[PDB]
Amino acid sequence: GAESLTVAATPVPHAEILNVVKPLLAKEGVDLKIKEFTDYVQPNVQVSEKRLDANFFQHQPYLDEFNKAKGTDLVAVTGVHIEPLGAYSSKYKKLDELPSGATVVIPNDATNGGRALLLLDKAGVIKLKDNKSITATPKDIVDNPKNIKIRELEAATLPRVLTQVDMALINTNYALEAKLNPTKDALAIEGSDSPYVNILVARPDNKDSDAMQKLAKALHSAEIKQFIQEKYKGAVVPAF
């Protein structure tokens, strides 16, 4: 009979990708059971608490910081895709239009906050210190001529505050659920050669299990690459 494999995922793109791989896995004796979560904490907690076998929602910087903060030992299995992060505005059409004292909201977790600040640096809105890392904070800003006010709120909440700020830097999974189009709507956007490949994550006990390996291989398949390309039209970039 089939091997059970339970995977927590954010709904878009992750759970969509998993729904498309699920039949391929069934044909290799693996019964993939997908559980959707809307947040960036519970998928890890569920795996670490031995409730689910794996998850698919985060990048490696986030994982490493999560294990540090929580004292857990979740491990990456394979990389799947990149979601270049965009800056969105309901009020302005290009960065040059941002007013003095503009409110710019970014995620309040260490890695996605740092990532957002790095995009602001790349786009020339602010400048970060020369020795900055990818966990930069607003304290690391060395130039802010427009006196931008950097606001920090939980990642999932940013689409809901978009109309109440001048600009928001929104994780693509959340942007796509909100019907934002990163390639058309973004005022600035990351490149895809970045630290932020989204990874399948599991535990030491199952990373090298037969079922886990079959899932990992399916997630590098030509078929999944095609799905990602046609479905997300460049908003989600295959990492293989």
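For every residue, the number given is its place in the sequence shown, counted from 1.
For the pair 162-170 and 106-114, the mean B factor over Cα atoms is greater in 162-170. The PDB entry reports B-factors from which the mean C-alpha value can be compared for 22-30 and 45-53; the larger average falls on 22-30. The entry lists C-alpha B-factors for 119, 75, 155, 95, and the highest of these is at 95.
Sorting the modelled residues of the chain by their CA temperature factor places residue 84 in the lowest third.
Residue 224 sits in the middle third of its chain by CA B factor, as recorded in the PDB entry. Residue 207: CA B factor lies in the lowest third for its chain, per the PDB record.
Per-chain ranking of the deposited C-alpha B factor places residue 175 in the middle third.
Compared with the other modelled residues of the chain, the Cα B-factor recorded for residue 70 ranks in the highest third.
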